[PDB]
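Colleague: Chains as they are written, first to last, in PDB author numbering: chain Y, 52 to 102; chain I, 121 to 233; chain M, 64 to 164; chain a, 77 to 260, 282 to 366; chain R, 132 to 209; chain B, 2 to 83, 96 to 111, 144 to 213, 230 to 264, 279 to 542; chain X, 320 to 523. Cβ coordinates follow ideal geometry from the N, Cα and C atoms, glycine included.
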Amino acid sequence: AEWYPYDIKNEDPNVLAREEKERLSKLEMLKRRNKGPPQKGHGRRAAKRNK
Amino acid sequence: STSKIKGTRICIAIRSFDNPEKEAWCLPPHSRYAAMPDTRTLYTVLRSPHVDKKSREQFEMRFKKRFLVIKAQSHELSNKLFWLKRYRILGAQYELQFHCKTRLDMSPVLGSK
Amino acid sequence: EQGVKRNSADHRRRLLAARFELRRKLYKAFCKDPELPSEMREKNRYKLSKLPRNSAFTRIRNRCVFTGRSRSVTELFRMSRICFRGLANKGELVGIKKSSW
Amino acid sequence: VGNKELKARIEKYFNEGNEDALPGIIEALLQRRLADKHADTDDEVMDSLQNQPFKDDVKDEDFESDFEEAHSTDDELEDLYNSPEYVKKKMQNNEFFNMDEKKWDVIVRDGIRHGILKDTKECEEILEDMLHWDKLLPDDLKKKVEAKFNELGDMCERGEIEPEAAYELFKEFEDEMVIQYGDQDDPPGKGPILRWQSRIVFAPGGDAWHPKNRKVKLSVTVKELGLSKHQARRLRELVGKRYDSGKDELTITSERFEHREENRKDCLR
Amino acid sequence: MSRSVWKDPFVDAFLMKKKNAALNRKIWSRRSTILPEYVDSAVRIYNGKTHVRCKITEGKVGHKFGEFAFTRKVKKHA
Amino acid sequence: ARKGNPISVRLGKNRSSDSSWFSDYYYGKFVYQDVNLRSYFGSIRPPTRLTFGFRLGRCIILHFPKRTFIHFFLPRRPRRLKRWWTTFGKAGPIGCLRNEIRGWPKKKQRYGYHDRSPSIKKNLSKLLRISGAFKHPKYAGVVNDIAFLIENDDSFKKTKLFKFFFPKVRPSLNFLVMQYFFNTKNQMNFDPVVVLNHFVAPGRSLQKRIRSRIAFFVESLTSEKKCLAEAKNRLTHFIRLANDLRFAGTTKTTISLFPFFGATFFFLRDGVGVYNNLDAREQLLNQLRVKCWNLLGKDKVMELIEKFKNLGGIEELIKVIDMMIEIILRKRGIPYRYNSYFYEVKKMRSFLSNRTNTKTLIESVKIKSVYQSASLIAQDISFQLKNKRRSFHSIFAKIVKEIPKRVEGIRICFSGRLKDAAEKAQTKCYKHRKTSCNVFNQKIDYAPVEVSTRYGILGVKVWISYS
Amino acid sequence: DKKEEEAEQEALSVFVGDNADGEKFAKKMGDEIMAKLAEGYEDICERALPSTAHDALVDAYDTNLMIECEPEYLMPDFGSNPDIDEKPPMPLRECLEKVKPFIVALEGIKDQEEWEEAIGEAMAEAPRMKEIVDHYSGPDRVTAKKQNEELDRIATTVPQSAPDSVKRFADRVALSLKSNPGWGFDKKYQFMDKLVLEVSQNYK
RNA sequence: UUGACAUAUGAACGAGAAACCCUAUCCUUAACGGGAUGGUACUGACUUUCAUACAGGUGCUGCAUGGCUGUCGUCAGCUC
Ligand SMILES: [Mg+2]
Ligand SMILES: [Mg+2]
Ligand SMILES: [Mg+2]
Ligand SMILES: [Mg+2]
Ligand SMILES: [Mg+2]
Ligand SMILES: [Mg+2]
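1) Residues in its own chain within less than 7 Å of B:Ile409 by CB, not counting five upstream and five downstream?
2) Buried or exposed for I:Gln193, going by 16 or more other Cβ atoms inside 10 Å?
3) Rounded to whole angstroms, what is the Cα-Cα separation between a:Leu203 and B:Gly264?
4) Quick one: measure Cβ to Cβ for B:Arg481 and B:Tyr505, integer angstroms, because I've assumed they're closer than 8 Å.
5) Go ahead and label a:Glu355 buried or exposed: buried means 16 or more other beta carbons lie within 10 angstroms of its beta carbon, across all protein chains shown.
6) Just tell me which of B:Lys494, B:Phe515 and B:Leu436 has its CA closest to the CA of X:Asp381.
7) a:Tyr243 touches chain B at which residues, Cβ-Cβ below 7 Å?
8) Label B:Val349 either buried or exposed according to how many other C-beta atoms from any shown protein chain fall within 10 Å of its C-beta, with 16 as the threshold for buried.
9) Taking B:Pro253 as the query, report the chain I residues whose CB atoms sit under 9 Å from its CB, ordered along the chain.
10) Can you tell me which residues form a DSSP beta bridge with B:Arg68?
11) My output table needs one value for M:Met142: the three-state DSSP class, helix, strand or coil.
12) Using 8 Å as the cut-off, can you tell me whether the region 183–192 of chain B makes contact with the region 164–183 of chain a, which would need three or more C-beta pairs spanning the two stretches below that distance?
13) Restricting to Cα atoms, I'd like to know which of B:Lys30, B:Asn15, B:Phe74 and B:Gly13 is closest to B:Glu438.
14) Could one say the Cβ of I:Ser194 lies closer than 7 Å to chain X's Cβ atoms, at least one of them?
15) Under 7 Å Cβ to Cβ from B:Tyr530, same chain only, skipping five residues before and after it: list those, please.
16) Can you find the residues in the same chain that come closer than 6 Å, C-beta to C-beta, to B:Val445, ignoring five residues on each side of it along the sequence?
17) So, X:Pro500 versus a:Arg353, is the Cβ gap smaller than 7 Å?
18) To the nearest angstrom, report how far apart a:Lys314 and B:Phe31 are at their CA atoms.
19) The alpha helix (DSSP H) with a:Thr117 in it runs from where to where?
20) Could you please give me the residues that DSSP links to a:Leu347 through a beta bridge?
21) Anything in chain X within Cβ reach of I:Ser198, meaning under 9 Å, just list it in chain order.
22) According to DSSP, which residues form a beta bridge with I:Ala212?
23) Just the chain B side, please: which residues come within less than 8 Å of residue 103 of chain Y by C-beta, in chain order?
24) According to DSSP, is Y:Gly87 part of a helix, a strand, or is it coil?
25) Using a Cβ-Cβ cut-off of 6 Å (strictly less than) and excluding sequence neighbours within five positions of M:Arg108, which residues of its own chain qualify?
26) Here's the rule: buried if 16 or more other CB atoms are within 10 angstroms of the residue's CB, otherwise exposed. What is M:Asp73?
27) Give me, in chain order, the residues of the same chain whose beta-carbon lies closer than 7 Å to that of X:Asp374; leave out the 5 immediate sequence neighbours on both sides.
28) Could you tell me the boundaries of the beta strand (DSSP E) in which a:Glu154 lies?
29) Evaluate R:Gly179 with the Cβ neighbour count: other Cβ atoms within 10 Å of its Cβ, from every protein chain shown; 16 or more gives buried, anything less gives exposed.
30) B:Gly531 bridges to which residues according to DSSP?
31) Going by the DSSP bridge assignment, what does I:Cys220 pair with across the sheet?
32) What are the boundary residues of the alpha helix (DSSP H) that B:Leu343 is part of?
33) I'd like to confirm the pairing. Which residues does DSSP put opposite R:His182 in its beta bridges?
34) Does any residue of chain B bring its CB to less than 7 Å from the CB of X:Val335?
35) Please determine whether the Cβ atom of I:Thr161 lies at a distance below 6 Å from any heavy atom of ligand 8.
36) Could you confirm whether any beta carbon from chain X is found closer than 7 Å to the beta carbon of M:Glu98?
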């Protein structure tokens, strides 16, 4: 059970905040051009099913 | 005399990836100095992440070991042990053997002879 | 728990195998004595068969802790051969040197 | 002042920047200590202030300027290609990098020579008397002091002697007379010699357990046990191959216990 | 002793409590052994896709359940 | 059979590894920790627009029993040249307003990091504060003698004791209590007489020897209780009391004997570092005095004069001023003139020592140029390419313009979508002076780096040769 | 250069307040109690005000107690035989009065009252040394003899109605767990407890 | 079906409840799971549940790429 070890970067909130900022920036770049994830329960094939 | 030290003594075994003669200033003082034969472990891995089976790169992990003998007396054993617990040998893991003598109390087994 | 997504199922299996080790050993030891009564041997065989199959050590697969690769994982380094070669050519792996005998 | 009113005072003190709510704080807490009803609360306030973390956010500009002001630039490197040699050479120049017993007694005796330290000859003398006194005492003096102490304890138990200081004076006179009359490699003791073996592994990194730690071996010569031929043959049958006939040596190794001292006990048992 | 095989034949745990009551329905357990007490019962053995019907007789005792439900279709070349 | 990393062919000779340790039972833990720590330390404080950033050229890690040493190497910020009393909001919300035989053994781990553990430094600070404060008047004459020997005698300067102790509970019973608990917790036969050999450094008065032997013989044979007739002799059995206080007299020495608290100073010698804040500490100490005396005595003193007229326990006001000093020191946050770099280094050292169960030490060396390692040049090129300011040719020309003279050559390769007009990627190479990688006795350094762009990944490879 | 000194002086003045109240308070209260409160304040500032030298001394003491109090680095008295009988140790007090003449000769101690004060303060400072050694060494050790006696006791609890083969199985399981260093003692007694619990399910 | 896993935001319960865990036990599932019964310990800048930004993809493009590799080729060439 000790095979997969802890990663020491989780002790620093600055690195985690930087990674989360990168993820949120990529998410907003997707959302500005309307290529982000659809609403859960309202997928494209599900929207054509309700059409 | 060049004969073997067979009595009360501290033996030190030092294992490292590098030669301890490169930094011999950090070695503890000793009466005898001996070396074990080198031992290697061969690793052969594929160079490419995909199919290039005949292309290999070979690595090794070479083990080095030295043996140190410190002649001591029975009273100067804990005093030597205190400073031996705090040494810093450069890039190594050291190993303390203790050879000490006591005397056997035969009073609970003298009746059975 | 550990971070790599393709190592999650194996990590869960390793934790489950650590949880159920004592019961597995007890039931296997009960099933191993032939002088025991047959009813006790059958009930311990039943409890050995009711242990979760993900808690067995044979389901555990050694994966790379960096990438999650399931193949060519050296056990001493816990990394795949590609990670091993990449770290070894940079001098990052202690004691690892190019062999040219 | 209750805790709810004190919360407002503490809150108005923290995030305003002016030294205005402190008279209210000292007034409320002095009143709370005088009434001494919230005596269980001040301890957890002290714990909350001391142990709970605060907003320790260091900005990058302060980080860089505060790093730059404290470190002088190195002038002998010119590259980082031989940096581990630089660190190892810095460790070389430290004369007390590794301390042994000889350097320690050298600096101890030189501190003695400057009056800062005392010689320990009196201490090792009193330790020698505290450890081995029955070998440094003549045998007749042992029973003489025992008989005198028996006489003093016989006369003390009567009660009419008032022997709270007379017995001490009599013992002091007897000890003065005894001092006037008296003052004018292999192991110690006796028996067959045991030969122990022990190992300590000094692994780096704060995890000190190693599989080689617990094993203890004990050796003895069978001829030193005084056994007969039949007893020696029964011992050889019981032992088997742990006995070596060429060295006449019986070796008992114990590793089945978790700790070194348990294996040392198990060898002798 | 009288036993010629020291190890018992394997049976899954759901067949060890209700016994023949579990053998009038669909069975996914191809690794179990057909016991002598299972005779005169009808089982439907999963082959990967469908539950293949099998009738337990005297000659099926000591075999695995998966020996009577084939997993690959016997195939022909044009 | 393609071109390999230049580091690998000259790793045993002409270049050393950045780490220095050995283990066999713990190889996997340390080989994971090297990569994981070097990956963590390279992501610390990236360069913003206004900041030069934390740049690591080398990290040197050395592992010892219970101790690990980290040595950082940073380039200085290139810049062309010509408050704490009022801080708020840096302390927040204040809540809290309103099986004896079958014990568990010590847990062990082999491959990774330890779990979260509460610290011990508060108890150590308490034991070193309320005990062994060395303001007791026994030590004053000896430290005066030490100062006189320092400022007057040349023999107290070429000696090992001065060099060791000055690098340019009384402590005997504390050791006895510590060894008692440490030997009885592990069920070890604790003989306190044998412990006294640690107090002895051996490398007329025979009458006292004889009386001490007699007293030891008297106390040895006795202690056979359940008899009142001999208990009357036990009442006058204070003949060992005369042996107890026999060796007493005037003392003029501070014990720096007894090699256990000399080991504390030995560990202190390599752990002080290059930074201290005592000059700010004394200033804050003498200003918090006049802050405290101006705070009490503002016509609210009727509670304090009620306290002093209560009883002789006036000194429980010290707990009130404890809470006060804690409140003002919590309002500020971070010490007065404490170095922010060393505060962050201490914050890193705390969790590194808690996770590794060691005593880690981080020491920093500031170096002149960013051209002293291939890693620093690659990192600088990647940060110049992260925000678009210039082209590859201008980057190489700026690099070649300020090459120090140690560099006998350099080579930089760029890979990816180098031109925004075209879709096909290409590789552009720039070489300066000598970059022969097939000569093994040369000092060739190499480092790759990747650049995250809008159109994918750009890659920089840097070769540099030192003389 | 006027602005930085002006700002620092203004911040220092708004920090310390007006000095008249301090001089007014120092005269009302008295000089010797002022001295005691000053001693109390400087006793606070070695704890409340953090120092780099104090933290360095704390780290050095931490390293010394790490290396010294590690149970894997135990060596016994090198001239002594192992304690087979496993005698209980005598209390700390008695150990300290056992070594009284040596400590008096080594430490000074002019009279009996100095020794009594030293023993009293060492006794008051012993409870937190206990917690320090608990943090460093670990919980306990528990010798092999008591572990084996516990393992044998647990077996003897095999329910009385159970056949002789079950009792033989439990005794042999205790015997083979008796000589296994690769098992923790917690795992050993948990194994024996679960064996007895499984046996007791069918032999009430 | 906000998911096995992460972060953020907003509500709801909870000043010691619940989730969580176990030397756990029993029943029911082909199995994961599901349902009961005990015990220990924790929770207020904190736990859980819900909601939505989402999380997730060994899906496609090596003819968008980084990194790594094969080959011409240990051939004596290729350049400034
Ligand atoms: Mg080998
Ligand atoms: Mg992936
Ligand atoms: Mg497998
Ligand atoms: Mg898929
Ligand atoms: Mg291609
Ligand atoms: Mg190809």
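Modeller: This is what the structure gives:
1) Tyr418
2) exposed
3) 16 Å
4) Their Cβ separation, rounded to whole angstroms, is 19 Å, which puts B:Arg481 and B:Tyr505 out of contact at 8 Å.
5) Buried is the call here.
6) Among B:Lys494, B:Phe515 and B:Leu436, the Cα nearest to that of X:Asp381 is on B:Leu436.
7) Chain B residues near a:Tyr243: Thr311.
8) exposed
9) Result: empty, since nearest Cβ-Cβ is about 14 Å, beyond 9 Å.
10) DSSP links B:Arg68 through a beta bridge to B:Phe65 and B:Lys434.
11) strand
12) These segments do not touch.
13) B:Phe74
14) Yes, its Cβ sits closer than 7 Å to a Cβ of chain X.
15) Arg492
16) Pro76, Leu451 and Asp455
17) yes
18) Roughly 31 Å between the two C-alpha positions.
19) For a:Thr117, the uninterrupted alpha helix (DSSP H) segment begins and ends at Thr117 to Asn127.
20) a:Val317 and a:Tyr340
21) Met394, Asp396 and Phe397
22) I:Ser136
23) This structure cannot settle anything about residue 103 of chain Y, because the visible part of chain Y is limited to 52 through 102.
24) coil
25) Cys94
26) buried
27) none
28) Element bounds for a:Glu154: n/a, residue is neither H nor E.
29) exposed
30) B:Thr528
31) a:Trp293
32) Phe336 to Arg344
33) R:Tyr177
34) Under the Cβ distance rule, X:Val335 counts among the residues neighbouring chain B, one pair being separated by less than 7 Å.
35) The model depicted lacks ligand 8 and carries ligand 1, ligand 2, ligand 3, ligand 4, ligand 5 and ligand 6 instead.
36) Output row for M:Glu98: interface = yes.
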